[PDB]
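Notes follow once the structure below has been shown.
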Amino acid sequence: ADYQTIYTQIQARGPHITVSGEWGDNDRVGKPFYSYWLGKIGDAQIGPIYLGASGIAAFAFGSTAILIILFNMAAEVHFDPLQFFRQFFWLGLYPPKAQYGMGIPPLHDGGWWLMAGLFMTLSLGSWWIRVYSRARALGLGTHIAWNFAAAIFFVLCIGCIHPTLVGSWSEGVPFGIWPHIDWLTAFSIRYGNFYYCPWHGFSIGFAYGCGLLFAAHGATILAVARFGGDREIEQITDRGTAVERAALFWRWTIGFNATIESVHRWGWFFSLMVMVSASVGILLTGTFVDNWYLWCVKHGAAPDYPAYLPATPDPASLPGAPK
Amino acid sequence: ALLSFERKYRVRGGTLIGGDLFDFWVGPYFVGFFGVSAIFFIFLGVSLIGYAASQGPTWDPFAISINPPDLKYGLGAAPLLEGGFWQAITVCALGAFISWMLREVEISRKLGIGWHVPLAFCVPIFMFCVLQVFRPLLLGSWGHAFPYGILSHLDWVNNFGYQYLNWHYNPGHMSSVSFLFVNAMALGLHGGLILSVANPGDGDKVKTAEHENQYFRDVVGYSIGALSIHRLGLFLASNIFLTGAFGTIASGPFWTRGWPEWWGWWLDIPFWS
Amino acid sequence: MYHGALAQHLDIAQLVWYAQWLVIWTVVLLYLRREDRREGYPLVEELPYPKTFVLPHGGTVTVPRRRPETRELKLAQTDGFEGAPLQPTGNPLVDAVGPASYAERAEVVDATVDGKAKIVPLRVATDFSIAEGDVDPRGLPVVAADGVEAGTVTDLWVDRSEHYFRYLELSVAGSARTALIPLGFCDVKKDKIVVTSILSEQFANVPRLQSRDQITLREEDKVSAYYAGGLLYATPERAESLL
Amino acid sequence: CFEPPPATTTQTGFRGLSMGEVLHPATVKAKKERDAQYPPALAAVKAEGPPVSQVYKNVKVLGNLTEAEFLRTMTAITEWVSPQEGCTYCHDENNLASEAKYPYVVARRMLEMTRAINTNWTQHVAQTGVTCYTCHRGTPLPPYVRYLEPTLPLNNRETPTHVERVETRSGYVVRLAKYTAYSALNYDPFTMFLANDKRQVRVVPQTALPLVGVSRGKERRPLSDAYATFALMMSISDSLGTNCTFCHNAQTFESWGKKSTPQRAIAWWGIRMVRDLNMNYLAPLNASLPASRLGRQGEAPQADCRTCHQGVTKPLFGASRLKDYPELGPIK
Ligand code: BCL
Ligand code: BCL
Ligand code: BCL
Ligand SMILES: C/C=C1/c2cc3[nH]c4c(c3C)C(=O)[C@H](C(=O)OC)c4c3nc(cc4[nH]c(cc(n2)[C@@H]1C)c(C(C)=O)c4C)[C@@H](C)[C@@H]3CCC(=O)OC/C=C(\C)CCC[C@H](C)CCC[C@H](C)CCCC(C)C
Ligand SMILES: CC(C)=CCC/C(C)=C/CC/C(C)=C/CC/C(C)=C/CC/C(C)=C/CC/C(C)=C/CC/C(C)=C/CC1=C(C)C(=O)c2ccccc2C1=O
Ligand code: HEC
Ligand code: HEC
Ligand code: HEC
Ligand SMILES: CC(C)=CCC/C(C)=C/C=C\C(C)=C\C=C\C(C)=C\C=C/C=C(C)/C=C/C=C(\C)CC/C=C(\C)CCCC(C)C
Ligand SMILES: [Fe+2]
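Protein sequence lines correspond, in order, to chains C, B, D and A.
Numbered per the entry's author numbering, the first sequence spans residues 1 to 323.
Numbered per the entry's author numbering, the second sequence spans residues 1 to 273.
Numbered per the entry's author numbering, the third sequence spans residues 1 to 45, 61 to 258.
Numbered per the entry's author numbering, the fourth sequence spans residues 1 to 332.
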């Protein structure tokens with residue numbers, strides 16, 4: 001057994017490395033310290049961290065949104081510290097309950113929601129500059145930045161794009177643990193069972209697919225950690241027996257294989273497609289489809305089952321039935 | 001037929017059972033005793049789905065469904081067309097799953113690598129058993145399992161979740177969902193990082209393992225490490241079903257109400273009620 | 001009237017469904033499956064045009080590699096069948112076949128980002144050390160699979176780029192040499208390093224380094240592959256069936 | 001935190017849809033015992049004699065009965081409504097024709113309401129029916145009533161805590177939560193859906209594509225309606241002690257026929273009945289009840305599903321007194 005795959009038996013210590021970026025070396029802040037127990041399953045050095053304008057703007061915009069959310073939650077329990085700590089999972093900030101269309105809703109009925117979402121949008125955009133500029137500063141490709149952008153795009157879809165396309169701020173996601181959970185069921189009921197949205201199934205396949213891939217890939221590199229398989233950058237430019245045995249494991253199992261580089265393109269593509277599929281589904285929702293189940297019924301795809309208990313006519317359809 | 005670096009690895013040995021009898025290749029596929037048994041259960045399983053589907057009202061792939069028995073049949077035998085076909089296909093499915101896993105152990109031993117992949121493959125096989133065997137046994141009938149159909153089994157997942165009012169509040173569900181999100185997030189981070197180092201754009205130099213840890217120490221203040229992200233990613237992915245297995249097996253055998261009300265252990269503590 | 005309705009019984013959500021399948025299969029079959037073919041191709045016994068990397072410390076590489084030399088395999092086919100297994104004609108650990116195989120990596124030293132040798136023993140990396148609380152293996156016996164003491168640990172080789180020990184160096188008993196062993200093949204106890212991959216006598220034929228205080232990418236491959244070949248070849252029983 | 005096995009499970013849909021009830025035996029046992037307290041029918045009495053419209057002085061509903069038949073109902077009503085206070089809960093002891101006590105004038109309207117349910121709402125109560133006990137359970141204040149705002153506890157025979165009191169504003173969310181099966185839905189489905197007939201419980205379209213003229217801007221209903229419907233469906237599910245697969249195939253909540261159970265249609269008549277009882281019988285009673293019975297908006301106590309069901313899909317597990325008291329309905 002390779003005990004190194006479970007934990008680091010002998011941890012090494014040394015002088016902390018600093019790779020210079022094109023800018024912002026002076027904006028790295030913090031004295032690094034070393035956790036023994038964190039070092040058993042990862043690197044022991046915590047910190048330092050880079051600040052920068054975009055990272056600072058992210059904290060300011062984001063703390064503004066969070067402060068707006070928590071204050072409104074504290075008012076829902078009338079500023080009782082006990083109940084707030086008690087009912088915290090149930091408190092929330094909601095979008096407008098009445099139908100004002102696209103008009104900016106009142107503060108007591110969705111105005112605070114729209115304003116926290118604005119600051120959250122500014123916080124996400126600031127953080128993407130950081131994720132993108134840090135890669136350019138270190139001479140790296142923007143592979144993470146563009147995966148991040150697809151997640152930000154999906155948040156914009158359920159946040160403001162779909163509400164604008166249908167023309168109502170009432171369709172947006174509330175802030176809160178249970179309240180944002182409750183939105184999921186109301187958004188599926190309203191639009192005819194999301195199980196019958198094909199992009200729903202696409203986003204589910206890719207989300208499951210990221211679980212399959214990281215389980216197979218993570219385990220594969222652990223199985224070839226005896227040959228330095230984790231040193232993947234140099235395994236790409238100079239193939240070793242670690243990724244030769246890894247490719248042949250999968251070639252001898254499923255009849256084909258990838259490379260140590262391309263398996264990352266699969267994983268980066270599957271994660272990306274979770275958001276791309278989910279975004280297209282929200283954009284089509286409500287705008288061109290009103291009931292995904294009947295949409296599948298229209299195209300003949302819906303499954304049907306025999307009656308177990310006897311069929312039940314709609315009583316509203318009966319003669320003389322009340323309204 | 002062979003990869004340019006394949007021939008030196010094509011030796012005998014590493015088998016669990018069979019010896020040299022099944023130790024050979026068919027094209028790129030390795031066989032072994034468990035490759036034979038895998039094809040046995042797959043052929044038997046695909047046959048049973050074919051004969052049962054012909055008895056049904058449709059050949060539409062989205063409309064075909066092979067369902068378990070009524071609740072009243074319990075854990076006993078069921079008529080072939082009233083749940084029996086489902087019973088046999090389930091047995092074939094498990095055989096093909098376990099054979100596929102043990103086949104992977106043999107390929108691991110011949111390559112001289114660890115058994116991390118077949119061990120990880122036991123996680124989805126275990127969760128499949130929780131849905132089709134373990135939870136039905138606790139509930140008393142096989143009819144509590146899901147049907148074999150492209151669009152029909154979604155309706156099982158749907159009605160099941162609503163049987164408990166709001167399945168989102170299931171605490172084992174929240175944990176299984178949290179791992180599903182973080183794993184798909186981490187795979188996009190990690191896959192993007194390796195590609196960002198090897199493809200810096202234009203005609204720039206390929207960066208280093210020092211550049212890897214420097215990026216994530218800059219962004220979030222910590223970098224877990226090259227090998228450690230592979231132990232982490234396998235931990236995150238495995239715990240989708242490991243933690244989810246709790247919430248599924250508790251729904252019914254250990255809890256018959258709606259899952260929001262389960263949270264009264266906290267909300268109904270007398271000193272803040 | 002309906003939003004999204006088109007000619008015939010067609011609608012916009014219907015059209016995007018075809019477009020989504022076309023894009024997915026286009027990326028999968030025409031790009032991802034061709035990036036999968038940058039190593040190991042063409043087959044022996061659809062391909063993308065070459066990819067060229069600019070290396071961090073001078074020079075370039077273009078994949079897949081075409082080596083000016085190729086090795087002669089000490090393997091005998093077991094039968095004439097196209098998919099029959101091969102069989103070693105000598106000692107598979109020193110001939111490097113099967114699980115003992117290594118790749119023809121560059122005979123260059125793997126480098127840190129600032130140009131120094133990446134994998135070096137602690138006698139060279141004097142600014143490195145073992146973390147407080149972990150066992151210092153230097154001075155502990157190495158016990159092989161047969162239970163015999165194969166030698167004694169003399170140093171640890173650290174990765175100066177990742178701060179991660181990757182090998183132990185031990186004096187081979189009765190052989191006047193030192194061999195390296197990957198820490199994955201070591202079970203580190205408080206008083207002994209347990210190694211079950213090979214027997215004690217098989218430590219004598221561990222591939223040797225050209226230099227004492229550095230190692231190349233191919234030497235690292237050769238050393239790792241020798242212990243892994245022992246998982247299948249250390250004893251005659253390991254090549255046979257488990258049951 | 002958890003309930004031991006085994007569990008009682010029924011099947012309400014085709015095999016392999018996972019439709020049906022999921023019950024805990026210990027809960028069902030406690031409700032069966034509680035509902036077994038239904039006083040048995042009184043013994044039959046003499047059918048011949050004058051009608052009390054002749055015999056008595058101020059009989060306005062039960063006038064066709066004989067004296068023996070009429071005093072029988074007067075005893076069952078007392079058993080069902082005010083058994084501890086006896087006859088004098090509604091009667092001046094020295095003149096039984098006097099309307100000097102407020103429960104007298106309310107009881108007559110209740111005698112009319114009870115006949116109305118058994119005669120005009122058989123699409124729901126069928127041949128089981130309701131008597132005074134179905135709601136009162138032996139007390140003049142029924143245990144499970146609603147006001148125009150959420151109240152805790154649900155059983156008004158239980159002492160409320162401080163935060164549970166409707167005056168304590170910091171506990172509103174919990175008062176909303178427990179009436180929607182502990183969910184965080186921010187809507188009171190009783191005033192919205194069961195106090196009157198103003199709102200539409202259905203929110204799902206019956207078209208595959210968005211219909212032009214009701215799909216954009218202020219033409220649209222807000223998505224808040226979907227939450228509120230979901231809130232009524234959690235309150236309905238809890239008050240009957242059931243889940244939705246008792247009524248819907250969750251494949252398509254909006255579809256009837258094979259997608260709905262016969263109980264869903266009975267539930268539809270149950271909503272039209274609650275509104276008729278609240279609008280035409282129970283709410284106007286605030287002019288007859290004392291101020292100590294009214295809510296903070298001057299409202300009289302009103303009825304939802306739980307008033308009769310009290311956690312069971314059928315009130316009293318189907319126990320009936322219809323054949324024993326024909327004077328309660330149906331009325332020819
Ligand atoms: C408790 C949770 C539910 C569940 C809930 C859902 C939901 C919800 C969704 C799916 C979706 C899918 N599920 Mg399901 N699913 C469960 C368990 C299963 C089992 C099983 C052995 O138990 C199987 C075979 C599947 C298979 C599938 C696919 C039809 C589809 C895409 C998955 C995917 O990409 O995975 C990752 C794997 C890959 C990316 C690799 C490729 C896998 C290929 C596509 C598998 C084809 C299987 C096909 C049915 C043929 C089977 C064998 C035949 C005999 C030849 N699920 C359990 C029972 N599943 C989605 C969908 O679109 O369904 C129509 C969807 O919306
Ligand atoms: C009853 C409830 C419904 C339901 C309702 C919905 C709805 C509604 C939606 C989904 C969506 C999704 N659902 Mg569904 N879903 C149900 C059943 C399922 C089942 C199942 C087995 O039954 C599965 C596998 C899934 C899974 C999935 C996901 C694959 C998919 C995409 C969302 C996602 O990953 O978000 C995880 C990722 C994110 C939320 C992105 C976050 C990115 C940002 C950058 C993070 C910012 C962090 C920062 C710190 C925040 C600061 C905040 C401060 C305030 C400033 N659902 C049922 C049928 N589901 C979506 C979809 O695809 O629709 C087509 C969608 O809109
Ligand atoms: C109204 C319906 C409910 C709901 C009902 C349920 C139910 C019911 C269950 C889940 C479960 C799950 N839900 Mg859901 N869920 C809902 C909402 C969501 C949302 C969301 C955004 O709201 C998300 C992210 C999810 C996500 C998840 C998953 C993380 C989780 C585990 C899936 C699983 O077991 O797959 C199982 C997958 C397998 C068994 C696959 C096994 C594969 C085998 C080993 C190999 C197959 C090979 C194949 C046949 C080969 C074909 C050959 C070809 C060549 C490829 N749900 C809604 C609210 N959900 C489960 C769970 O764990 O809950 C705690 C569960 O039981
Ligand atoms: C938490 C960890 C997870 C994870 C991980 C890993 N996943 C692995 C491995 C690891 C580590 C492998 O090493 C192995 C492999 O080599 O991969 C390439 C494998 C594989 N993951 C597959 C599918 C997969 N994984 C899912 C789930 C997760 N995986 C989660 C996320 C899902 C979901 C979510 O639906 C799917 C569909 C196959 C492609 C493959 C097995 C092939 C097989 O065993 O062949 C043998 C069997 C057959 C070829 C078919 C047998 C047909 C039967 C007899 C008759 C049909 C029965 C069937 C029930 C009918 C269904 C109807 C349908 C509508 C309901
Ligand atoms: C003909 C006959 C009967 C023969 C008998 C012998 C026998 C047993 C034959 C088997 C026949 C069967 C059943 C074949 C079916 C095999 C299956 C299940 C194929 C499914 C393929 C699918 C959908 C896989 C999903 C995962 C996926 C999208 C993978 C694409 C990317 C790949 C290839 C990842 C695998 C992969 C990973 C995970 C690495 O980490 C890695 C590291 C370094 C180098 C290479 C790799 C690598 O290739
Ligand atoms: C909860 C209500 C209630 C209870 C309990 C009750 N009464 Fe009645 N009583 C009424 C009402 C209402 C009427 C008028 C009925 C009508 O108009 O037909 C009435 C009418 C009568 C009358 C008719 C007298 C007349 O001339 O109008 C008599 C006699 C009578 N009750 C006797 C009894 C007896 C005997 C008991 C108990 C053993 C009793 N009451 C308890 C409410 C009640
Ligand atoms: C005992 C009866 C009953 C129970 C329990 C029940 N439902 Fe309902 N539900 C109905 C009826 C009846 C209607 C139709 C209302 C109407 O016609 O005004 C309905 C309507 C709905 C609708 C909207 C239908 C449309 O066309 O918009 C949804 C969604 C719904 N129910 C979901 C649920 C959910 C979710 C649950 C539980 C978690 C549940 N139901 C439990 C009887 C029930
Ligand atoms: C005032 C009386 C009353 C009220 C209020 C009431 N119920 Fe009923 N309900 C009954 C009675 C009595 C039965 C018994 C009918 C039977 O035996 O079939 C019944 C039966 C049912 C059934 C049939 C269950 C089965 O197993 O067949 C359903 C479903 C139901 N009620 C739902 C509701 C709904 C929905 C509401 C309110 C929205 C409600 N109940 C409120 C009196 C009531
Ligand atoms: C203490 C520490 C370390 C952290 C504290 C975190 C904390 C306790 C937060 C407090 C409460 C919690 C947990 C809240 C959770 C909220 C959740 C889960 C929210 C989830 C989803 C919400 C979403 C997606 C909202 C999206 C909203 C938008 C995208 C709005 C977009 C708005 C615009 C574009 C404005 C343009 C229009 C203009 C004319 C006004
Ligand atoms: Fe990797």
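We treat Cβ as the ideally placed atom computed from N, Cα and C, and that holds for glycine.
Query: Answer with buried or exposed for D/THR75, where buried requires no fewer than 16 other C-beta atoms within 10 angstroms of its C-beta.; Result: exposed
Query: Please return the same chain residues whose Cβ sits closer than 8 Å to the Cβ of A/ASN196, not counting the five positions on each side in sequence.; Result: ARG275, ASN278, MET279
Query: Check whether the Cβ atoms of A/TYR144 and A/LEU154 sit closer than 8 Å, and answer yes or no.; Result: yes
Query: Mapping the DSSP letters down to three states, classify B/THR243 as helix, strand or coil.; Result: helix
Query: Using 8 Å as the cut-off, can you tell me whether the region 173-188 of chain A makes contact with the region 260-269 of chain C, which would need three or more C-beta pairs spanning the two stretches below that distance?; Result: no
Query: Short of 6 Å in beta carbon distance, which residues of its chain neighbour C/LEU165, apart from the five on each side in sequence? Order them along the chain.; Result: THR287
Query: Determine the extent of the alpha helix (DSSP H) in which A/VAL274 is found, giving its start and end residues.; Result: 262-277
Query: Taking 7 Å as the cut-off, is the C-beta of C/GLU232 nearer than that to any heavy atom in ligand 10?; Result: yes
Query: Tell me whether B/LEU267 counts as near ligand 1, meaning its Cβ is closer than 7 Å to at least one heavy atom of that ligand.; Result: no
Query: Please name the residue in A/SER224, A/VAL59, A/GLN123 whose C-alpha comes closest to that of A/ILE271.; Result: A/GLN123
Query: Any heavy atom of ligand 6 inside 7 Å of the beta-carbon of A/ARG108?; Result: yes
Query: Does any residue of chain C bring its CB to less than 8 Å from the CB of A/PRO189?; Result: no
Query: Among residues of its own chain, excluding the 5 on either side of A/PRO39, which ones have a beta-carbon nearer than 6 Å to its beta-carbon?; Result: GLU79
Query: On a CA-only basis, which of C/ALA301, C/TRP128, C/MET120 is nearest C/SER63? Give me that one, please.; Result: C/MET120
Query: For C/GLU234, decide whether its Cβ has a neighbour in chain D, counting only Cβ atoms nearer than 8 Å.; Result: yes
Query: Using 8 Å as the Cβ pair cut-off and three pairs as the minimum, do the region 124-144 of chain B and the region 119-135 of chain D touch?; Result: no
Query: Shorter than 7 Å, the distance from the beta carbon of B/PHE41 to the closest heavy atom of ligand 1, or not?; Result: no
Query: Comparing the CB of B/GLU104 with every heavy atom of ligand 4, is any distance shorter than 7 Å?; Result: yes
Query: I'd like to confirm the pairing. Which residues does DSSP put opposite D/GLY166 in its beta bridges?; Result: D/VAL157, D/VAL187
Query: Specify whether the region 157-173 of chain D and the region 42-58 of chain C touch according to this definition: at least 3 beta carbon pairs, one from each stretch, less than 8 Å apart.; Result: no
Query: Let me know if D/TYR248 comes out buried or exposed under the rule of 16 or more other beta-carbons within 10 Å of its beta-carbon.; Result: buried
Query: How about B/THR58 and B/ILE49: do their beta carbons lie closer than 8 Å?; Result: no
Query: Let's see if you can read the secondary structure: which residues bound the alpha helix (DSSP H) around A/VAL106?; Result: 102-120
Query: Excluding the 5 residues preceding and the 5 following B/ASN170 in the sequence, name in chain order all residues of the same chain whose CB lies nearer than 6 Å to its CB.; Result: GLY247, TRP259
Query: Rounded to a whole number of angstroms, what is the C-alpha to C-alpha distance between C/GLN99 and A/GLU327?; Result: 50 Å
Query: Beta strand (DSSP E) containing D/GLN92: first to last residue?; Result: 90-92
Query: Tell me A/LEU211's beta-bridge partners as DSSP assigns them.; Result: D/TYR2
Query: Nearest CA to the CA of C/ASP2: which residue from D/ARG233, D/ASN220, D/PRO197, D/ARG227?; Result: D/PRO197
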